[PDB]
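Trainee: final39.cif is reproduced below (mmCIF, C-alpha atoms).
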data_start
loop_
_atom_site.label_atom_id
_atom_site.label_comp_id
_atom_site.auth_asym_id
_atom_site.auth_seq_id
_atom_site.Cartn_x
_atom_site.Cartn_y
_atom_site.Cartn_z
CA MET A 1 29.92 -22.08 -56.21
CA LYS A 2 30.68 -23.47 -52.72
CA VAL A 3 28.42 -22.17 -49.93
CA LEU A 4 28.74 -22.76 -46.21
CA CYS A 5 25.55 -22.46 -44.24
CA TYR A 6 25.76 -22.01 -40.50
CA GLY A 7 23.30 -22.70 -37.66
CA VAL A 8 21.56 -25.36 -39.81
CA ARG A 9 18.98 -27.30 -37.78
CA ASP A 10 18.42 -30.93 -39.00
CA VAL A 11 14.79 -29.97 -39.68
CA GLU A 12 16.11 -27.23 -42.05
CA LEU A 13 18.38 -29.56 -44.09
CA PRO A 14 15.62 -30.72 -46.49
CA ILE A 15 14.74 -27.09 -47.16
CA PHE A 16 18.29 -26.10 -48.02
CA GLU A 17 18.50 -29.09 -50.34
CA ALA A 18 15.05 -28.62 -52.01
CA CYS A 19 15.57 -24.89 -52.58
CA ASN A 20 18.98 -25.66 -54.15
CA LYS A 21 17.35 -27.54 -57.09
CA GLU A 22 17.15 -24.36 -59.23
CA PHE A 23 20.64 -23.16 -58.12
CA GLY A 24 23.04 -26.12 -58.17
CA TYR A 25 25.23 -24.64 -55.43
CA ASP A 26 27.79 -26.86 -53.72
CA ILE A 27 26.33 -26.45 -50.23
CA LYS A 28 27.58 -27.55 -46.89
CA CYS A 29 25.39 -27.21 -43.79
CA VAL A 30 26.83 -27.18 -40.27
CA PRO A 31 25.06 -26.80 -36.93
CA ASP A 32 27.72 -24.47 -35.63
CA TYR A 33 27.01 -20.82 -35.35
CA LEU A 34 29.74 -18.22 -36.17
CA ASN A 35 31.55 -17.37 -32.96
CA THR A 36 35.05 -18.83 -32.35
CA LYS A 37 37.98 -18.55 -34.68
CA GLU A 38 37.54 -22.21 -35.49
CA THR A 39 33.91 -21.62 -36.78
CA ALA A 40 35.24 -18.92 -39.04
CA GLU A 41 37.96 -21.30 -40.27
CA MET A 42 35.26 -23.73 -41.37
CA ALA A 43 34.78 -21.41 -44.31
CA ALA A 44 38.21 -22.41 -45.76
CA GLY A 45 37.69 -23.25 -49.45
CA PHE A 46 34.19 -21.69 -49.64
CA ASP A 47 33.04 -18.84 -51.88
CA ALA A 48 30.10 -17.75 -49.80
CA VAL A 49 28.76 -18.11 -46.28
CA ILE A 50 25.09 -18.00 -45.25
CA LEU A 51 24.90 -16.80 -41.65
CA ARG A 52 21.89 -16.48 -39.45
CA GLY A 53 21.27 -14.82 -36.12
CA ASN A 54 23.93 -15.25 -33.46
CA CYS A 55 26.59 -15.60 -36.16
CA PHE A 56 29.06 -12.86 -35.20
CA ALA A 57 30.75 -11.49 -38.33
CA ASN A 58 33.00 -9.26 -36.14
CA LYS A 59 36.49 -7.93 -36.92
CA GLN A 60 38.16 -11.24 -35.89
CA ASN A 61 35.86 -13.40 -38.07
CA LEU A 62 35.74 -11.06 -41.02
CA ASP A 63 39.56 -10.90 -41.08
CA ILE A 64 39.61 -14.66 -41.10
CA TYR A 65 37.07 -14.77 -44.00
CA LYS A 66 39.19 -12.25 -46.04
CA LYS A 67 42.35 -14.25 -45.39
CA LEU A 68 40.47 -17.34 -46.52
CA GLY A 69 39.20 -15.65 -49.68
CA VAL A 70 35.44 -15.83 -48.96
CA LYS A 71 33.73 -13.68 -51.64
CA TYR A 72 30.11 -13.23 -50.38
CA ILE A 73 28.62 -12.95 -46.90
CA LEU A 74 24.89 -13.50 -46.61
CA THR A 75 22.54 -13.66 -43.65
CA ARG A 76 19.22 -15.50 -43.98
CA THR A 77 17.51 -12.97 -41.70
CA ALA A 78 15.85 -9.60 -41.57
CA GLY A 79 18.18 -8.55 -38.72
CA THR A 80 21.81 -7.71 -39.46
CA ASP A 81 23.16 -6.50 -36.07
CA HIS A 82 25.33 -9.66 -35.76
CA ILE A 83 27.43 -8.33 -38.65
CA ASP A 84 29.93 -5.50 -38.33
CA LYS A 85 28.73 -3.96 -41.58
CA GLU A 86 31.17 -0.96 -41.53
CA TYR A 87 34.12 -3.18 -41.14
CA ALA A 88 32.81 -5.63 -43.79
CA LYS A 89 32.46 -2.73 -46.25
CA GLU A 90 35.99 -1.56 -45.37
CA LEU A 91 37.18 -5.05 -46.34
CA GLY A 92 35.15 -4.99 -49.56
CA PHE A 93 32.65 -7.82 -48.73
CA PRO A 94 29.43 -7.77 -50.74
CA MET A 95 26.56 -8.77 -48.34
CA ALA A 96 22.82 -9.45 -48.56
CA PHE A 97 19.95 -10.13 -46.15
CA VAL A 98 16.25 -11.18 -46.20
CA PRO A 99 14.17 -8.13 -45.29
CA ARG A 100 10.92 -9.84 -46.39
CA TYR A 101 9.69 -13.32 -45.62
CA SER A 102 6.43 -14.85 -44.20
CA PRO A 103 4.86 -12.15 -42.06
CA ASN A 104 2.19 -14.67 -41.00
CA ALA A 105 4.84 -16.85 -39.34
CA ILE A 106 5.38 -14.17 -36.63
CA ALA A 107 1.87 -12.81 -36.63
CA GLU A 108 0.26 -16.28 -36.01
CA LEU A 109 2.59 -16.79 -33.07
CA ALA A 110 1.54 -13.45 -31.65
CA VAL A 111 -2.08 -14.36 -32.11
CA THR A 112 -1.68 -17.84 -30.60
CA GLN A 113 0.04 -16.38 -27.49
CA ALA A 114 -2.58 -13.73 -27.15
CA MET A 115 -5.40 -16.36 -27.31
CA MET A 116 -3.60 -18.69 -24.87
CA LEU A 117 -3.78 -15.81 -22.45
CA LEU A 118 -7.15 -14.30 -23.30
CA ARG A 119 -8.91 -17.65 -23.02
CA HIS A 120 -6.69 -18.85 -20.20
CA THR A 121 -5.78 -22.10 -21.94
CA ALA A 122 -2.14 -22.06 -20.82
CA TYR A 123 -3.30 -21.61 -17.29
CA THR A 124 -5.98 -24.27 -17.59
CA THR A 125 -3.91 -26.93 -19.34
CA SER A 126 -0.93 -26.30 -17.02
CA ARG A 127 -3.41 -27.37 -14.30
CA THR A 128 -5.01 -30.32 -16.07
CA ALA A 129 -1.58 -31.62 -16.96
CA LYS A 130 -1.28 -32.01 -13.18
CA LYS A 131 -4.75 -33.58 -12.78
CA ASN A 132 -6.22 -30.39 -11.42
CA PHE A 133 -9.55 -30.05 -13.25
CA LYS A 134 -11.01 -27.38 -11.00
CA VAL A 135 -12.59 -24.29 -12.51
CA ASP A 136 -11.72 -20.97 -10.98
CA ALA A 137 -12.59 -17.37 -11.50
CA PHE A 138 -9.32 -16.44 -13.33
CA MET A 139 -10.32 -18.99 -15.95
CA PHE A 140 -13.43 -17.00 -16.87
CA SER A 141 -12.76 -15.35 -20.22
CA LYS A 142 -13.74 -12.78 -22.81
CA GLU A 143 -14.28 -13.59 -26.43
CA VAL A 144 -11.85 -12.02 -28.86
CA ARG A 145 -14.74 -11.05 -31.05
CA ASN A 146 -15.86 -8.75 -28.21
CA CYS A 147 -12.38 -7.30 -27.70
CA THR A 148 -10.45 -4.37 -28.98
CA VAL A 149 -7.04 -5.45 -30.17
CA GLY A 150 -4.20 -2.98 -30.42
CA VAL A 151 -1.31 -3.29 -32.82
CA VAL A 152 1.73 -1.14 -32.00
CA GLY A 153 3.70 -0.95 -35.23
CA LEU A 154 1.80 -1.38 -38.54
CA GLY A 155 4.62 -2.68 -40.72
CA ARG A 156 4.25 -5.88 -42.75
CA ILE A 157 3.96 -8.13 -39.66
CA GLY A 158 1.69 -5.76 -37.73
CA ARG A 159 -0.73 -5.39 -40.61
CA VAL A 160 -0.97 -9.18 -40.96
CA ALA A 161 -1.56 -9.49 -37.19
CA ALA A 162 -4.34 -6.91 -37.49
CA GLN A 163 -5.84 -8.81 -40.42
CA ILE A 164 -5.80 -12.05 -38.52
CA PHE A 165 -7.37 -10.62 -35.34
CA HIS A 166 -9.96 -8.81 -37.49
CA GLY A 167 -10.72 -12.06 -39.21
CA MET A 168 -11.39 -13.71 -35.85
CA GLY A 169 -13.95 -10.96 -35.15
CA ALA A 170 -12.02 -8.42 -33.07
CA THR A 171 -12.15 -4.72 -33.42
CA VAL A 172 -8.59 -3.74 -34.30
CA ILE A 173 -6.87 -0.47 -33.82
CA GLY A 174 -3.26 0.41 -34.28
CA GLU A 175 -0.43 2.90 -34.00
CA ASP A 176 2.58 3.68 -36.18
CA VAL A 177 5.02 6.59 -36.50
CA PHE A 178 3.79 7.01 -40.15
CA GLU A 179 0.36 7.19 -41.80
CA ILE A 180 -0.36 3.62 -42.94
CA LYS A 181 -2.67 3.63 -45.94
CA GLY A 182 -4.94 0.79 -47.20
CA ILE A 183 -5.72 -0.83 -43.81
CA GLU A 184 -9.16 0.68 -43.24
CA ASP A 185 -11.07 -2.59 -43.90
CA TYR A 186 -9.35 -4.30 -40.93
CA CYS A 187 -7.69 -1.70 -38.71
CA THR A 188 -8.28 1.90 -37.58
CA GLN A 189 -5.02 3.84 -37.10
CA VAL A 190 -5.05 5.88 -33.92
CA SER A 191 -2.71 7.44 -31.37
CA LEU A 192 -0.63 5.30 -28.93
CA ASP A 193 -2.63 6.77 -26.07
CA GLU A 194 -5.87 5.55 -27.74
CA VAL A 195 -4.37 2.08 -28.21
CA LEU A 196 -3.40 1.98 -24.51
CA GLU A 197 -6.76 3.30 -23.39
CA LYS A 198 -8.94 0.97 -25.40
CA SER A 199 -7.07 -2.32 -25.97
CA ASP A 200 -7.86 -5.66 -24.25
CA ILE A 201 -4.93 -7.13 -26.09
CA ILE A 202 -1.81 -5.32 -27.30
CA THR A 203 0.65 -6.85 -29.69
CA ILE A 204 4.04 -5.16 -30.50
CA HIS A 205 5.29 -5.16 -34.07
CA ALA A 206 7.38 -1.96 -34.19
CA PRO A 207 11.06 -1.62 -35.04
CA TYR A 208 13.47 -1.13 -32.17
CA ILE A 209 15.02 2.38 -32.36
CA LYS A 210 17.91 2.57 -29.93
CA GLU A 211 17.57 6.38 -29.41
CA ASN A 212 13.94 6.01 -28.45
CA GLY A 213 14.58 3.14 -26.03
CA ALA A 214 11.86 0.72 -24.92
CA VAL A 215 8.32 1.35 -26.16
CA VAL A 216 6.78 -0.70 -23.32
CA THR A 217 7.76 1.43 -20.35
CA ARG A 218 6.28 1.95 -16.93
CA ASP A 219 4.24 4.78 -18.33
CA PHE A 220 2.99 2.70 -21.31
CA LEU A 221 1.81 -0.04 -18.87
CA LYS A 222 0.22 2.41 -16.50
CA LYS A 223 -2.13 3.62 -19.24
CA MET A 224 -3.30 0.06 -20.16
CA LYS A 225 -6.58 -1.49 -19.05
CA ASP A 226 -6.23 -3.52 -15.89
CA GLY A 227 -6.12 -7.20 -16.79
CA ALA A 228 -5.18 -6.51 -20.44
CA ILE A 229 -2.91 -8.80 -22.31
CA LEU A 230 0.44 -7.81 -23.83
CA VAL A 231 2.37 -9.79 -26.36
CA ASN A 232 5.93 -9.07 -27.68
CA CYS A 233 7.06 -11.17 -30.62
CA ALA A 234 9.12 -8.21 -32.05
CA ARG A 235 12.35 -7.48 -30.23
CA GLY A 236 13.47 -7.81 -26.61
CA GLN A 237 14.66 -4.21 -26.26
CA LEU A 238 11.18 -2.89 -27.07
CA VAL A 239 10.11 -3.77 -23.55
CA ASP A 240 11.37 -2.86 -20.15
CA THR A 241 11.37 -6.35 -18.79
CA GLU A 242 11.27 -5.31 -15.14
CA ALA A 243 8.43 -2.94 -15.68
CA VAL A 244 6.40 -5.78 -17.34
CA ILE A 245 7.15 -8.11 -14.42
CA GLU A 246 5.77 -5.48 -12.07
CA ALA A 247 2.61 -5.02 -14.16
CA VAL A 248 2.05 -8.80 -14.14
CA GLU A 249 2.56 -9.00 -10.32
CA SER A 250 0.14 -6.08 -9.77
CA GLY A 251 -2.51 -7.41 -12.08
CA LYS A 252 -2.24 -4.43 -14.39
CA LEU A 253 -1.48 -7.07 -17.00
CA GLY A 254 -3.62 -10.22 -17.01
CA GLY A 255 -0.82 -11.89 -18.89
CA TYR A 256 2.37 -11.37 -20.96
CA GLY A 257 3.54 -13.45 -23.87
CA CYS A 258 6.93 -13.07 -25.55
CA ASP A 259 9.04 -14.67 -28.16
CA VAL A 260 12.05 -12.39 -27.46
CA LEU A 261 13.77 -10.93 -24.40
CA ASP A 262 16.30 -8.20 -23.70
CA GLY A 263 19.36 -10.37 -23.04
CA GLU A 264 17.75 -13.60 -24.42
CA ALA A 265 21.04 -15.07 -25.68
CA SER A 266 21.82 -16.10 -22.13
CA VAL A 267 18.88 -18.59 -22.14
CA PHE A 268 17.47 -19.19 -25.64
CA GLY A 269 18.50 -22.47 -27.13
CA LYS A 270 19.75 -23.84 -23.81
CA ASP A 271 18.23 -26.46 -21.48
CA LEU A 272 18.71 -24.89 -18.08
CA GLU A 273 16.23 -27.04 -16.13
CA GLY A 274 17.15 -27.25 -12.40
CA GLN A 275 19.48 -24.26 -12.62
CA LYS A 276 19.16 -20.81 -11.19
CA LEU A 277 19.05 -18.47 -14.18
CA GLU A 278 21.89 -15.92 -14.22
CA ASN A 279 19.52 -13.07 -15.14
CA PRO A 280 17.09 -12.66 -12.18
CA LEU A 281 14.51 -11.03 -14.40
CA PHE A 282 14.44 -14.22 -16.45
CA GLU A 283 14.10 -16.25 -13.27
CA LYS A 284 11.09 -14.18 -12.33
CA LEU A 285 9.55 -14.44 -15.81
CA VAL A 286 9.82 -18.22 -15.70
CA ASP A 287 8.35 -18.28 -12.17
CA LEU A 288 5.36 -16.23 -13.44
CA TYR A 289 4.32 -18.98 -15.86
CA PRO A 290 1.58 -19.49 -16.90
CA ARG A 291 0.70 -15.82 -16.73
CA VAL A 292 3.96 -15.14 -18.63
CA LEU A 293 4.62 -17.40 -21.58
CA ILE A 294 8.06 -17.59 -23.26
CA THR A 295 8.92 -18.97 -26.60
CA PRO A 296 12.59 -18.97 -27.62
CA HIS A 297 12.47 -16.77 -30.69
CA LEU A 298 10.32 -19.10 -32.83
CA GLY A 299 8.37 -16.45 -34.63
CA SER A 300 10.14 -17.35 -37.91
CA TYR A 301 10.35 -21.06 -37.21
CA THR A 302 7.85 -22.23 -39.79
CA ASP A 303 8.27 -24.20 -42.93
CA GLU A 304 7.21 -21.27 -45.07
CA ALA A 305 9.43 -18.73 -43.32
CA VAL A 306 12.53 -20.92 -43.49
CA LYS A 307 11.84 -21.72 -47.17
CA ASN A 308 11.57 -17.98 -47.87
CA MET A 309 14.72 -17.14 -45.91
CA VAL A 310 16.73 -19.87 -47.70
CA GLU A 311 15.33 -19.15 -51.19
CA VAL A 312 15.80 -15.36 -50.99
CA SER A 313 19.33 -16.03 -49.73
CA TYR A 314 20.13 -18.28 -52.70
CA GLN A 315 18.67 -15.71 -55.10
CA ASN A 316 20.67 -12.97 -53.35
CA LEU A 317 23.90 -14.98 -53.91
CA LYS A 318 23.07 -15.58 -57.57
CA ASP A 319 22.35 -11.83 -58.04
CA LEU A 320 25.68 -10.97 -56.37
CA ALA A 321 27.60 -13.59 -58.35
CA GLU A 322 26.12 -12.56 -61.69
CA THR A 323 25.80 -8.82 -61.28
CA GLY A 324 27.77 -7.62 -58.25
CA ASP A 325 24.54 -6.26 -56.86
CA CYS A 326 21.25 -7.43 -55.37
CA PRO A 327 17.93 -5.86 -54.22
CA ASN A 328 18.74 -6.92 -50.66
CA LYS A 329 22.40 -5.87 -50.62
CA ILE A 330 23.32 -4.68 -47.10
CA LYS A 331 23.87 -0.83 -47.37
#
Would you put the structure from the file into structure tokens?

Mentor:
Amino acid sequence: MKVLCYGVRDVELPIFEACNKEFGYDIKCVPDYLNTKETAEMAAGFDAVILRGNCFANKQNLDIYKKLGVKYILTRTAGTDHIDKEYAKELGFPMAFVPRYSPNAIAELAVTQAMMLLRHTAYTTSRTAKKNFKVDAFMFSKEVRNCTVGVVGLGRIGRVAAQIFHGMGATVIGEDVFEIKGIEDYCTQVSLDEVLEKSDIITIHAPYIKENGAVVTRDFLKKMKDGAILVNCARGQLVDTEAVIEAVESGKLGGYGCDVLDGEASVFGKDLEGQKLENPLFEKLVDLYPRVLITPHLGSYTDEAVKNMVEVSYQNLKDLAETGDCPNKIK
């Protein structure tokens, strides 16, 4: 079984190899993502591809895969919007994804951003890096053990974020569209309005539902505590970026941390130092550092998460090859 793996970072190579010990696949890893015709043509000779984010399995590239006789299309991700699933089905491609991997990978990043803001360590160290060791009023901080933390979205990631903040001593509350059972030892489930009213820190872990639109709107922000912290390591489209910028400029938000942005593909992964950013919202967000912190979608960039993503993907391929089916088959 010959498997082409796209978007393979050199740091990921040992994981692809180690996880392959129990599978024996004939793997090839390339750094290229799936975009141009020529990236799709790289799959000549291969039985399966393992895509990741930003690997566009669109009509053009799926037609090329069919012509080339690719049998299985996998993505090592929880997200599948980069694949045109309806067209893939029309062409008969069996596909699989990775709905579940390290929730702590994302949750710890959310927590670390939140603390960098709550305890003003990004602000402080941005200053000391420049030999400014002065102490100012903005630097004065709360303790997270004396805070209420609000989790918006109590899925797998959200629950782990709540557990972690609870373990640091916070009082945690949270909101979800459904009744979330078994969280009572670490989180009280309440209304969104109660989360907004009471939270010193808010972290977003809800799914993006296109018909709902952004969850973090002007009206969401308006109900928050002045000086509260907001963190979005979920999805860019959950927040109205402009509205957040305005809440940071007004002081409604003490700080904003994000690992994702609405339109992030224009900047993430690129070194644009010295350039005017094409999206003026992104230019503003960068200018607001260190009261806005941006990480380029690293929430799943841990050793455990990547191991999980690669190992589930290998298992998914084996399931598909042996049975035509898999627990994570894209529906």

Trainee: When distances are computed from only C-alpha atoms, which of A:40, A:122, A:48, A:135 shows the smallest separation from residue A:96?

Mentor: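 Among the listed residues, A:48 lies closest to residue A:96.
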
Trainee: Pick out the residues sitting within 7 Å of residue A:174, and hand them over as a list in words; count only C-alpha atoms, and ignore anything fewer than 6 positions along from it in its own chain.

Mentor: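 Here the qualifying residues turn out to be residues 150, 151, 152, 154, 187, 188, 189, 190 and 195 of chain A.
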
Trainee: On this file, the PyMOL selection byres ((chain A and resi 196) around 9) gives some set of residues; write that set as a ChimeraX atom specification.

Mentor: /A:150,191-195,197-200,202,220-225

Trainee: Please report the interatomic distance between atom CA of residue A:52 and atom CA of residue A:241 in Å with one decimal.

Mentor: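 Between these atoms lies a distance of 25.3 Å.
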
Trainee: The PyMOL selection byres ((chain A and resi 6) around 10) on the file shown: which residues, as a ChimeraX atom specification?

Mentor: /A:3-5,7-9,28-34,39,42-43,49-55,75-76

Trainee: Might you pull out every residue within 8 Å of residue A:309, with all atoms listed in the file counted and same-chain residues fewer than 5 positions away left off, and present them as number ranges by chain?

Mentor: A: 76-77, 98, 101

Trainee: Env of residue A:304: 10 Å cut, atoms = only C-alpha atoms, seq-sep filter 6 positions within chain, self excluded. Answer as a list in words.

Mentor: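 My reading of the contact set: residues 15, 101, 102, 103, 104, 105 and 310 of chain A.
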
Trainee: Given the selection you just returned, output its residues as a file containing C-alpha atoms, formatted as a JSON list (two decimals), keeping the file's coordinate frame.

Mentor:
[["chain", "number", "residue", "atom", "x", "y", "z"],
["A", 15, "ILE", "CA", 14.74, -27.09, -47.16],
["A", 101, "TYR", "CA", 9.69, -13.32, -45.62],
["A", 102, "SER", "CA", 6.43, -14.85, -44.20],
["A", 103, "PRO", "CA", 4.86, -12.15, -42.06],
["A", 104, "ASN", "CA", 2.19, -14.67, -41.00],
["A", 105, "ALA", "CA", 4.84, -16.85, -39.34],
["A", 310, "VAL", "CA", 16.73, -19.87, -47.70]]

Trainee: Contacts of stretch 314-331 of chain A at 12 Å or less, counting all atoms listed in the file, minus same-chain residues fewer than 2 places along, as number ranges by chain?

Mentor: A: 1-5, 15-27, 47-50, 71-81, 83-86, 88-89, 92-100, 307-312

Trainee: Only C-alpha atoms, please: the residues just picked out, written as a PDB file, keeping the file's coordinate frame.

Mentor:
ATOM      1  CA  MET A   1      29.920 -22.080 -56.210  1.00  0.00           C
ATOM      2  CA  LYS A   2      30.680 -23.470 -52.720  1.00  0.00           C
ATOM      3  CA  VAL A   3      28.420 -22.170 -49.930  1.00  0.00           C
ATOM      4  CA  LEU A   4      28.740 -22.760 -46.210  1.00  0.00           C
ATOM      5  CA  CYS A   5      25.550 -22.460 -44.240  1.00  0.00           C
ATOM      6  CA  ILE A  15      14.740 -27.090 -47.160  1.00  0.00           C
ATOM      7  CA  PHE A  16      18.290 -26.100 -48.020  1.00  0.00           C
ATOM      8  CA  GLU A  17      18.500 -29.090 -50.340  1.00  0.00           C
ATOM      9  CA  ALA A  18      15.050 -28.620 -52.010  1.00  0.00           C
ATOM     10  CA  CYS A  19      15.570 -24.890 -52.580  1.00  0.00           C
ATOM     11  CA  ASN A  20      18.980 -25.660 -54.150  1.00  0.00           C
ATOM     12  CA  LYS A  21      17.350 -27.540 -57.090  1.00  0.00           C
ATOM     13  CA  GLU A  22      17.150 -24.360 -59.230  1.00  0.00           C
ATOM     14  CA  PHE A  23      20.640 -23.160 -58.120  1.00  0.00           C
ATOM     15  CA  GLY A  24      23.040 -26.120 -58.170  1.00  0.00           C
ATOM     16  CA  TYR A  25      25.230 -24.640 -55.430  1.00  0.00           C
ATOM     17  CA  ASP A  26      27.790 -26.860 -53.720  1.00  0.00           C
ATOM     18  CA  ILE A  27      26.330 -26.450 -50.230  1.00  0.00           C
ATOM     19  CA  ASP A  47      33.040 -18.840 -51.880  1.00  0.00           C
ATOM     20  CA  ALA A  48      30.100 -17.750 -49.800  1.00  0.00           C
ATOM     21  CA  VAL A  49      28.760 -18.110 -46.280  1.00  0.00           C
ATOM     22  CA  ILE A  50      25.090 -18.000 -45.250  1.00  0.00           C
ATOM     23  CA  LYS A  71      33.730 -13.680 -51.640  1.00  0.00           C
ATOM     24  CA  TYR A  72      30.110 -13.230 -50.380  1.00  0.00           C
ATOM     25  CA  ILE A  73      28.620 -12.950 -46.900  1.00  0.00           C
ATOM     26  CA  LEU A  74      24.890 -13.500 -46.610  1.00  0.00           C
ATOM     27  CA  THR A  75      22.540 -13.660 -43.650  1.00  0.00           C
ATOM     28  CA  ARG A  76      19.220 -15.500 -43.980  1.00  0.00           C
ATOM     29  CA  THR A  77      17.510 -12.970 -41.700  1.00  0.00           C
ATOM     30  CA  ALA A  78      15.850  -9.600 -41.570  1.00  0.00           C
ATOM     31  CA  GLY A  79      18.180  -8.550 -38.720  1.00  0.00           C
ATOM     32  CA  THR A  80      21.810  -7.710 -39.460  1.00  0.00           C
ATOM     33  CA  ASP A  81      23.160  -6.500 -36.070  1.00  0.00           C
ATOM     34  CA  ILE A  83      27.430  -8.330 -38.650  1.00  0.00           C
ATOM     35  CA  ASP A  84      29.930  -5.500 -38.330  1.00  0.00           C
ATOM     36  CA  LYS A  85      28.730  -3.960 -41.580  1.00  0.00           C
ATOM     37  CA  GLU A  86      31.170  -0.960 -41.530  1.00  0.00           C
ATOM     38  CA  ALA A  88      32.810  -5.630 -43.790  1.00  0.00           C
ATOM     39  CA  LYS A  89      32.460  -2.730 -46.250  1.00  0.00           C
ATOM     40  CA  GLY A  92      35.150  -4.990 -49.560  1.00  0.00           C
ATOM     41  CA  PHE A  93      32.650  -7.820 -48.730  1.00  0.00           C
ATOM     42  CA  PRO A  94      29.430  -7.770 -50.740  1.00  0.00           C
ATOM     43  CA  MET A  95      26.560  -8.770 -48.340  1.00  0.00           C
ATOM     44  CA  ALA A  96      22.820  -9.450 -48.560  1.00  0.00           C
ATOM     45  CA  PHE A  97      19.950 -10.130 -46.150  1.00  0.00           C
ATOM     46  CA  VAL A  98      16.250 -11.180 -46.200  1.00  0.00           C
ATOM     47  CA  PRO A  99      14.170  -8.130 -45.290  1.00  0.00           C
ATOM     48  CA  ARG A 100      10.920  -9.840 -46.390  1.00  0.00           C
ATOM     49  CA  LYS A 307      11.840 -21.720 -47.170  1.00  0.00           C
ATOM     50  CA  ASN A 308      11.570 -17.980 -47.870  1.00  0.00           C
ATOM     51  CA  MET A 309      14.720 -17.140 -45.910  1.00  0.00           C
ATOM     52  CA  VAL A 310      16.730 -19.870 -47.700  1.00  0.00           C
ATOM     53  CA  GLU A 311      15.330 -19.150 -51.190  1.00  0.00           C
ATOM     54  CA  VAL A 312      15.800 -15.360 -50.990  1.00  0.00           C
TER      55      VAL A 312
END

Trainee: Decode the PyMOL selection byres ((chain A and resi 114) around 9) for the given file into explicit residues and return them as a VMD selection string.

Mentor: chain A and resid 109 to 113 115 to 119 201 to 203 229 to 231 255 to 257

Trainee: With distances taken over only C-alpha atoms, which of A:293, A:11, A:238, A:168 is nearest to residue A:121?

Mentor: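 Checking each of A:293, A:11, A:238, A:168 against residue A:121, counting only C-alpha atoms, the winner is A:293.
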
Trainee: What lies within 9 Å of stretch 274-282 of chain A using only C-alpha atoms, ignoring chain neighbours under 5 positions off, as a PyMOL selection string?

Mentor: chain A and resi 241-242+245+261+263-264+266-267+287

Trainee: Have a look at A:246, A:136, A:175, A:41 and name the one nearest to residue A:149; count all atoms listed in the file.

Mentor: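 Distance minimum relative to residue A:149 lands on A:175.
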
Trainee: Enter the distance from atom CA of residue A:169 to atom CA of residue A:251, in Å, rounded to one decimal.

Mentor: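 Separating atom CA of residue A:169 from atom CA of residue A:251 is a distance of 26.0 Å.
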
Trainee: Enter the distance from atom CA of residue A:144 to atom CA of residue A:159, in Å, rounded to one decimal.

Mentor: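 Atom CA of residue A:159 lies 17.5 Å from atom CA of residue A:144.
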
Trainee: Since the input lacks atoms, please generate N, CA, C and O atoms for stretch 263-271 of chain A and provide them as a PDB file, keeping the file's coordinate frame.

Mentor:
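Final output, result_17.pdb:
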ATOM      1  N   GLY A 263      18.370  -9.479 -23.626  1.00  0.00           N
ATOM      2  CA  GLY A 263      19.360 -10.370 -23.040  1.00  0.00           C
ATOM      3  C   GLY A 263      19.089 -11.853 -23.292  1.00  0.00           C
ATOM      4  O   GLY A 263      19.790 -12.718 -22.749  1.00  0.00           O
ATOM      5  N   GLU A 264      18.168 -12.183 -24.205  1.00  0.00           N
ATOM      6  CA  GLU A 264      17.750 -13.600 -24.420  1.00  0.00           C
ATOM      7  C   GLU A 264      18.840 -14.569 -24.740  1.00  0.00           C
ATOM      8  O   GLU A 264      18.702 -15.785 -24.474  1.00  0.00           O
ATOM      9  N   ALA A 265      19.973 -14.105 -25.289  1.00  0.00           N
ATOM     10  CA  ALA A 265      21.040 -15.070 -25.680  1.00  0.00           C
ATOM     11  C   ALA A 265      21.616 -15.861 -24.526  1.00  0.00           C
ATOM     12  O   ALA A 265      22.227 -16.910 -24.750  1.00  0.00           O
ATOM     13  N   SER A 266      21.463 -15.353 -23.314  1.00  0.00           N
ATOM     14  CA  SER A 266      21.820 -16.100 -22.130  1.00  0.00           C
ATOM     15  C   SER A 266      20.947 -17.350 -21.864  1.00  0.00           C
ATOM     16  O   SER A 266      21.417 -18.298 -21.223  1.00  0.00           O
ATOM     17  N   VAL A 267      19.723 -17.415 -22.410  1.00  0.00           N
ATOM     18  CA  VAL A 267      18.880 -18.590 -22.140  1.00  0.00           C
ATOM     19  C   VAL A 267      18.411 -19.316 -23.401  1.00  0.00           C
ATOM     20  O   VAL A 267      18.371 -20.528 -23.415  1.00  0.00           O
ATOM     21  N   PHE A 268      18.102 -18.589 -24.476  1.00  0.00           N
ATOM     22  CA  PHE A 268      17.470 -19.190 -25.640  1.00  0.00           C
ATOM     23  C   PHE A 268      18.376 -20.220 -26.267  1.00  0.00           C
ATOM     24  O   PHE A 268      19.578 -20.005 -26.523  1.00  0.00           O
ATOM     25  N   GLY A 269      17.783 -21.353 -26.588  1.00  0.00           N
ATOM     26  CA  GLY A 269      18.500 -22.470 -27.130  1.00  0.00           C
ATOM     27  C   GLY A 269      19.127 -23.383 -26.108  1.00  0.00           C
ATOM     28  O   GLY A 269      19.683 -24.439 -26.481  1.00  0.00           O
ATOM     29  N   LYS A 270      19.126 -22.998 -24.845  1.00  0.00           N
ATOM     30  CA  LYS A 270      19.750 -23.840 -23.810  1.00  0.00           C
ATOM     31  C   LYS A 270      18.694 -24.560 -22.961  1.00  0.00           C
ATOM     32  O   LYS A 270      17.645 -23.981 -22.700  1.00  0.00           O
ATOM     33  N   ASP A 271      19.021 -25.743 -22.469  1.00  0.00           N
ATOM     34  CA  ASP A 271      18.230 -26.460 -21.480  1.00  0.00           C
ATOM     35  C   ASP A 271      18.817 -26.200 -20.135  1.00  0.00           C
ATOM     36  O   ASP A 271      19.835 -26.802 -19.800  1.00  0.00           O
TER      37      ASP A 271
END
